[PDB]
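A.B. asks: Provided hereafter are the protein sequence and its experimental coordinates.
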Amino acid sequence: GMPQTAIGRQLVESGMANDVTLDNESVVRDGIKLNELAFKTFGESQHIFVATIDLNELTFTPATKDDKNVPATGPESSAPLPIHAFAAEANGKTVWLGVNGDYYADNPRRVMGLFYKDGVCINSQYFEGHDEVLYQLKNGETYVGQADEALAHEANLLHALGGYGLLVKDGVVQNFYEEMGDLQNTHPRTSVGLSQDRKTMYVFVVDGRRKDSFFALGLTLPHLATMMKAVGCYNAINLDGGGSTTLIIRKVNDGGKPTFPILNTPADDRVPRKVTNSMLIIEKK
Ligand SMILES: [Cl-]
């Protein structure tokens, strides 16, 4: 019976998943597969989504609440993930999938990692330790790496979305999280990685804090990293987690208008958190 999908088999083979009770897969659209699973990780219940995106067919962009390419200005700058999708859509993008983005500091509200969008620097002054990045060059090539590597491309850097925690590096699971404090405990997680050829993107949304009938605890970073390598990530990074972790997909309603339902269970007692940046999978134009 279980597991029944390739990803389910990969996660069980990795040692990070047992007692699989849900293992479903669907096609969001051509070029985007979505897998939803429930299982135990060393005795603790979990509930995760893994999206596999064909980067020959689709691309990504970092997103803000209003699709404007300027730093956050205040509380108005944060909104639940669907708002980011709607604003991108209203500004000529066709959005198919989204997750929350990078870590933010407060007082004043400001992004902690590197943040570039459409060739415009939103932040180049990444905080201590906030070194991880998913980036794209103007030539269309996508990479996962370190902030200085992205910056070294100068005016050829198109997009950059920051993270905190390098999970997989050149096919080897990483475990150098010791400066990250309580982020090392189990948590909901959002993470992103690339295949070795950089033509496939993997997005994980790991629910946590047992806010629905799955009783999903959440994961440590070595466990998540191990799962990501298992499904094909050669390079992978941890984005903002906890109550920030949110997944949307496009739903085309009769009449043609899109909505952007949230598929996971937000860990702030089921209430979608207002987030200041995000990662959207969009059509190539
Ligand atoms: Cl900012």
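C.D. replies: Sure, I can see it. Numbers count the residues shown, from 1 in each chain.
A.B. asks: so what's the residue of the chain found nearest the ion up against?
C.D. replies: Closest residue of the chain to the ion, Cβ to the ion: residue 71 (3.6 Å). Bear in mind the C-beta positions are built from the backbone N, C-alpha and C, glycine included. Each residue near residue 71 by Cβ atoms under 8 Å, 6 or more residues apart in numbering is listed here: 110-111, 122-123.
A.B. asks: Among the residues you listed, name the ones in strands.
C.D. replies: Residues of the contacts of residue 71 located in strands (DSSP state E): 110-111, 122-123.
A.B. asks: got the residues you listed as TSV, with distance to residue 89 columns?
C.D. replies: Shown next, in TSV, are the ones in strands among the contacts of residue 71 (distance: Cβ to Cβ, whole Å):
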residue	distance to residue 89
110	26
111	22
122	20
123	25
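A.B. asks: Farthest-apart pair in these, please.
C.D. replies: The span of the ones in strands among the contacts of residue 71, defined through Cβ to Cβ, is set by 110 and 122 at 9.6 Å.
A.B. asks: Which of those two has more residues huddled nearby?
C.D. replies: A direct count of neighbours by other Cβ atoms under 10 Å for residue 110 and residue 122 places residue 122 higher, at 22 against 17.
A.B. asks: Just give the nearest non-adjacent residue to that one, would you?
C.D. replies: Among residues not flanking residue 122 along the chain, residue 115 sits closest, at 4.0 Å (Cβ to Cβ, 6 or more residues apart in numbering).
A.B. asks: Pretty sure residue 204 is one of the things residue 48 touches, is it not?
C.D. replies: Yes. Counting by Cβ atoms under 8 Å, residue 48 touches residue 204, with 6.4 Å between them.
A.B. asks: so what's residue 204 bridging to?
C.D. replies: Assessed by DSSP bridges, residue 204 has beta-bridge partners residue 50, residue 191.
A.B. asks: What segments of the stretch 51-200 of the chain are strands?
C.D. replies: In the stretch 51-200 of the chain, the strands defined using DSSP state E, counting those that start in this stretch lie at 58-64, 95-100, 104-105, 110-111, 115-117, 120-123, 132-137, 142-146, 157-163, 166-169, 172-173, 189-194, 200-206.
A.B. asks: Same list, those strands, but as a markdown table with distance to residue 247 please.
C.D. replies: Formatted as a markdown table, the strands of the stretch 51-200 of the chain follow (distance: least, Cβ to Cβ, whole Å):
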| stretch | distance to residue 247 |
| --- | --- |
| strand 58-64 | 14 |
| strand 95-100 | 6 |
| strand 104-105 | 19 |
| strand 110-111 | 21 |
| strand 115-117 | 21 |
| strand 120-123 | 23 |
| strand 132-137 | 16 |
| strand 142-146 | 19 |
| strand 157-163 | 16 |
| strand 166-169 | 18 |
| strand 172-173 | 24 |
| strand 189-194 | 8 |
| strand 200-206 | 4 |
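A.B. asks: Could you dump those into JSON lines with distance to the ion added?
C.D. replies: Converted to JSON lines, those look like this (distance: least, Cβ to the ion, whole Å):
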{"stretch": "strand 58-64", "distance to the ion": "9"}
{"stretch": "strand 95-100", "distance to the ion": "15"}
{"stretch": "strand 104-105", "distance to the ion": "7"}
{"stretch": "strand 110-111", "distance to the ion": "4"}
{"stretch": "strand 115-117", "distance to the ion": "7"}
{"stretch": "strand 120-123", "distance to the ion": "6"}
{"stretch": "strand 132-137", "distance to the ion": "15"}
{"stretch": "strand 142-146", "distance to the ion": "20"}
{"stretch": "strand 157-163", "distance to the ion": "11"}
{"stretch": "strand 166-169", "distance to the ion": "22"}
{"stretch": "strand 172-173", "distance to the ion": "31"}
{"stretch": "strand 189-194", "distance to the ion": "18"}
{"stretch": "strand 200-206", "distance to the ion": "23"}
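A.B. asks: Out of the ones you listed, which gets nearest to residue 273?
C.D. replies: Taking Cβ to Cβ, strand 95-100 is the member of the strands of the stretch 51-200 of the chain nearest to residue 273, at 7.6 Å.
A.B. asks: contact partners of the closest one?
C.D. replies: With Cβ under 8 Å, 6+ apart, strand 95-100 has contacts from 28-29, 32, 34, 51, 53, 58, 63, 81, 84-85, 88-89, 190, 192, 203, 205, 239-240, 244-250, 258, 260, 273, 275, 277-283.
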